[PDB]
């Protein structure tokens, strides 16, 4: 018939200690391209989960409702953030952000692209193998499945528009020092996942795949150090049985 699955997917911003869940390690700056060795806890990664479905005929994903969870937490301007001026409140989270989700019946297919092909990525990350200068533009060698939570750095990977026949994905990147976060919540908004032929993602092995990245911006500490802040994403997916 029809079934609904829901999930809250936690962000994977780096979590530099047991208290700073949802933040990255402070950002380094001005590393030469030839000596760029980022620490694991400084690198936000894609979130993903496989949701098992009742077995029989295949589950077909028809609609998704999704939103970013805890957007009002950024109205805490009393904790940790640099004052905007003498006697002023804390600096809001602002700057470069990326909001991305995907729903599919297979893992999200990703293409690798690097700012700096010579970056030395740390143990525990999965990044483009044997990168060249061409890895800074399009290098068709860099193909991956988003098949591990907290492993694929957001800065290394994008959804692959040449694949993903069985996934729908949506993402917006906004770059800049002072970019304001703009986030909407409503339980009245639905994305239809049906393609031009009226067919949604088909859950291959009774598995539904949800993927996210919600880098909200940079938190500026009193010291001037900066950390990424991320938030969880909710998914509610309606499925129907197809032959």
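Residue numbers count along the first chain shown, from 1.
Gap check for residue 56 to residue 57: 4 to 9 deposited residues are absent from the model. Checked against the record, the higher mean CA B factor of 29-37 and 177-185 lies with 29-37. If you average the C-alpha B-factors over 68-76 and over 144-152, the higher value belongs to 144-152.
For the set 205, 216, 45, 42, the PDB entry puts the maximum C-alpha B factor at 205. In the deposited entry, the Cα temperature factor of residue 190 sits in the middle third of values across the chain's modelled residues.
The entry lists a Cα temperature factor for residue 137 that places it in the middle third of the chain's modelled residues. Ranked by Cα temperature factor within the chain, residue 99 sits in the lowest third according to the deposited record. When the CA B factors of the chain's modelled residues are split into thirds, the value for residue 105 lands in the middle one. Per-chain ranking of the deposited C-alpha B factor places residue 16 in the highest third.
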